[PDB]
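Quick setup: one chain, the form solved without this ligand, written in structure tokens, and binding and motion questions come after.
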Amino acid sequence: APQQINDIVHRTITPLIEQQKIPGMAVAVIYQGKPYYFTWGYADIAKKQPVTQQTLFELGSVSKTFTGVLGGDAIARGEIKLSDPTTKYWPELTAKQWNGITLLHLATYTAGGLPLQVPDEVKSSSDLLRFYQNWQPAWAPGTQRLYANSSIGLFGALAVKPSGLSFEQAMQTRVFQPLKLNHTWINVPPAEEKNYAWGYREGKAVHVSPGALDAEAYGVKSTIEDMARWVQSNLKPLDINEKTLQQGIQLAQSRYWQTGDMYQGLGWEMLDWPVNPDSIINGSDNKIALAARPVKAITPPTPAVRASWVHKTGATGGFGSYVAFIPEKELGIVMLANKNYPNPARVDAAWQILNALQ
């Protein structure tokens, strides 16, 4: 690889791994559109399996970028509109608080205080309907952002209803397959289990647990190669041959709401480039990222801005992921680790690498 990339990646990631005690890590840098890969450590400590370019990591909430693009693709297909009431696709949602809550609100965490997590007690479909029927908003729709699996996860489930496909089938046929993400999974098949890293939480090997709306909110697993290809696809949607998927990618990077210096897309979040690094670094800390914040509507949404830092953090109990890219520079990074280590350390490392290469 070019020495500049080798040097800034190793000089940034080596200390990160040591400071954070990360058992295994994979990184891809996309530079002038081409990927360069780096790996360290162990996918499975007990079995002494190294991280490789074929290792599967849990993406956690980086999955929301796939959900947002799949929803964008459904909009481009004419199957749904973000202006549609949630009740168009779920007529059983008859409780009055749902009046005026649209798919846009669900997609962008602005419905009025849907919670981060669906309760673990929700195990059945009827439990899930009860949960949404009984939920009471703290705020009018379109006034406050509260990051939430229960919001964008319901968006993903409703977005695929007109297609008649399951969420997984829709994601496979409409997103994974056309983009040649052939080692990206909502459910890891038995044939791929040899590549599935263990996550590590307090020293214990763990994988993500089943939950309501898991696939839609936090349930994708992928390799560093496929994630590099996901970044390439989001960097340059105009190269994507499938028209609705190209359009869906563009829709997911539109700017729908502003809070502080950040703009909410569908799954993706964006800031103007050049960014103040303290603003994305500090902004990534869950003390800010998970907080309830007033939003300003962008009326109408701004189309995808090329001069953007576009990014998403993700975590499960055992894994920590981060993706960021700048379309105008054809530059991006993916960092996948099998420990959930603090967001700001991820973003700091990503910014150091990308800033040096820009």
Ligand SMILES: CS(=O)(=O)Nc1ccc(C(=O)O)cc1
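When you see a residue number, it is the position in the sequence shown, counting from 1. Shifts are known only where both forms have a C-alpha. Heads up, when I say rigid core I mean the largest set of C-alphas that superpose within 1.5 Å between the two forms.
This next part talks about the form solved in complex with this ligand, which is not shown.
*Asks:* For residue 288, is any heavy atom within 4.5 Å of this ligand in the deposited bound form, or not?
*Replies:* Residue 288: yes, in contact with this ligand in the deposited bound form.
*Asks:* Would residue 95 count as touching this ligand in the deposited bound form under a 4.5 Å heavy atom rule?
*Replies:* Flag for residue 95 set to no.
*Asks:* Please determine whether residue 167 contacts this ligand in the deposited bound form, using a 4.5 Å cut-off between heavy atoms.
*Replies:* Flag for residue 167 set to no.
*Asks:* Hey, in the deposited bound form, is residue 301 touching this ligand, heavy atoms inside 4.5 Å?
*Replies:* Answer yes; at least one heavy atom of residue 301 falls within 4.5 Å of this ligand in the deposited bound form.
*Asks:* Using the arrangement in the deposited bound form, list in sequence order the residues of 133-147 with any heavy atom within 4.5 angstroms of this ligand.
*Replies:* Those in contact are 141, 142, 145, 147.
*Asks:* Tell me, with the core superposed, which single residue in 86, 108, 149, 284 has its C-alpha moved by at least 2 Å between this form and the one not shown.
*Replies:* The one that shifts is 284.
*Asks:* Considering a change of 3 Å or more, are the Cα atoms of residue 287 and residue 63 closer or farther in the deposited bound form than here?
*Replies:* Closer together, by at least 3 Å.
*Asks:* Taking the shown form as reference, are the C-alpha positions of residue 284 and residue 140 brought closer or pushed farther apart in the deposited bound form, with a change of 3 Å or more?
*Replies:* Closer in the deposited bound form, by 3 Å or more.
*Asks:* Give me the residue ranges between this form and the one not shown where at least 3 consecutive Cα atoms each move 2 Å or more, fitting on the core only.
*Replies:* In sequence order there is one run that relocates between this form and the one not shown, which is 282-290.
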